[PDB]
Amino acid sequence: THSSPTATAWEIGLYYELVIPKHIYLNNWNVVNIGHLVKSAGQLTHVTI
Amino acid sequence: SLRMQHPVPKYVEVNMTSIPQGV
Ligand SMILES: *[C@@H]1O[C@H](CO)[C@@H](O[C@@H]2O[C@H](CO)[C@@H](O)[C@H](O)[C@H]2NC(C)=O)[C@H](O)[C@H]1NC(C)=O
């Protein structure tokens, strides 16, 4: 905004985004799906839910 | 003279547990 050899001035426009939490979860586990093997009319099959 | 190798018994313990629904 101003520039002299002994004096300056500046302006900055900052925008912020604040997330507001509804709930926070701390003690968490990932799932892993191993399923089961089945043998049927000669064919080996992997089964999963 | 006669030299022979007699088998002798031994074991290792193996434990197993289930995984409900495979999860
Ligand atoms: C691992 O498991 C086997 C299970 O058979 C243990 O065997 C025992 O060993 C002792 C000697 O310390 C014998 O007196 C018992 O008769 C054995 N029988 C059983 C069924 O336990 C083996 O010694 C174990 N070793 C380790 C490193 O834990």
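When we count neighbours, we look across all protein chains shown, and the Cβ atoms used for this are built from the backbone with ideal geometry, even at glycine. Taken together, the values in this text are just the output of simple stated rules run on the coordinates, not laboratory data.
Could you check, for the range A:1-18, whether at least one of its residues is in a loop (DSSP other than H, G, I, E, B), loosely packed, with under 10 Cβ neighbours inside 10 Å, more than 14 Å from chain B (Cβ to nearest Cβ) and touching a strand residue (DSSP E or B) at 6+ places or on another chain (Cβ under 8 Å)?
So in the range A:1-18, the residues in a loop (DSSP other than H, G, I, E, B) come out as A:1, A:5-6, A:10-18.
Right, trim to loosely packed, with under 10 Cβ neighbours inside 10 Å and you get A:1, A:5-6, A:10-18.
Checking the rest, the ones that are also more than 14 Å from chain B (Cβ to nearest Cβ) come to A:1, A:5-6, A:10-18.
The next check asks that each one be touching a strand residue (DSSP E or B) at 6+ places or on another chain (Cβ under 8 Å); those that pass are A:1.
Yes, there is a match, as at least one residue in the range A:1-18 is in a loop (DSSP other than H, G, I, E, B), loosely packed, with under 10 Cβ neighbours inside 10 Å, more than 14 Å from chain B (Cβ to nearest Cβ) and touching a strand residue (DSSP E or B) at 6+ places or on another chain (Cβ under 8 Å).
Based on what the data block shows, is A:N33 touching a residue at least 12 places away in the same chain (Cβ under 8 Å) and closer than 21 Å to B:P20 by Cα?
Values: touching a residue at least 12 places away in the same chain (Cβ under 8 Å): yes; closer than 21 Å to B:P20 by Cα: yes.
For A:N33, the condition - touching a residue at least 12 places away in the same chain (Cβ under 8 Å) and closer than 21 Å to B:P20 by Cα - is met.
For the range A:35-42, indicate whether the set of residues that are assigned to a loop (DSSP other than H, G, I, E, B), within 12 Å of chain B (Cβ to nearest Cβ) and either surrounded by 10 or more Cβ atoms within 10 Å (Cβ to Cβ) or not polar (S, T, N, Q) (or both) is non-empty.
Filtering the range A:35-42 down to residues assigned to a loop (DSSP other than H, G, I, E, B) leaves A:35, A:41-42.
With within 12 Å of chain B (Cβ to nearest Cβ) added as a condition, the list becomes A:35.
Next cut, either surrounded by 10 or more Cβ atoms within 10 Å (Cβ to Cβ) or not polar (S, T, N, Q) (or both) only: A:35.
Scanning the range A:35-42 turns up at least one residue that is assigned to a loop (DSSP other than H, G, I, E, B), within 12 Å of chain B (Cβ to nearest Cβ) and either surrounded by 10 or more Cβ atoms within 10 Å (Cβ to Cβ) or not polar (S, T, N, Q) (or both).
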